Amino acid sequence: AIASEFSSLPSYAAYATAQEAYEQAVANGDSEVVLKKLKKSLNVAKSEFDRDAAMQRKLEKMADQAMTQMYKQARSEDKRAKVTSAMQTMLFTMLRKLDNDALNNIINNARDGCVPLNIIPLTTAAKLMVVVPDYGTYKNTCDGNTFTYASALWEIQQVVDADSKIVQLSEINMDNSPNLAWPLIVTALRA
């Protein structure tokens, strides 16, 4: 009954079957011959079952150790996350003190979700790409076909939606904005 927690073990069935055959043989008044034969079979089935039970405990122990290792790895990650947070706080506190307009501009823009996709270039007419999460942020930097960003002006070369389908600069008004699939990915060249 309690040994039925190993009911899943394959050697369990054989063991249970051997016990039953014996019990039934005794109940039927079978001879010593058969009785010892069935009992021999039962003892062996029992020993094999016991060895399986040990393997099961071992598979469980190992799983448990794996879970424990995961917990430590998780606690470790959390610690790393705190370190990362500390470094970024330190990094932005320093950027703030540097008080450079261009850097501040991309940071403030990033604050509103306006971030670059490729590395900001310094080449004349170089290729820049940025994602604009909503019409609010879009209007703060887009004035016609000219994009203002990083203390510089760019010329929109193309505007694409969230499905990758092109989008005209005309179909981007306060009123139509709801009909577009955001965010929008703007491509532009340095002036």
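Numbers follow the displayed sequence, beginning with 1.
- Here the stretch with the larger average CA B-factor, out of 77-85 and 116-124, is 116-124.
- Between 48-56 and 140-148, it is 140-148 that carries the larger average Cα temperature factor according to the deposited entry.
- Each of 179, 17, 11, 24 has a CA temperature factor in the record; the biggest one is found at 179.
- Per the PDB entry, 166 shows the highest C-alpha temperature factor of the residues 166, 66, 38, 131.
- Annotation for residue 28: C-alpha temperature factor in the middle third relative to the rest of the modelled chain, per the entry.
- In the PDB entry, a CA B factor belonging to the lowest third of its chain's modelled residues is recorded for residue 62.
- Ranked within its chain, residue 42 lands in the lowest third, by CA B factor from the PDB record.
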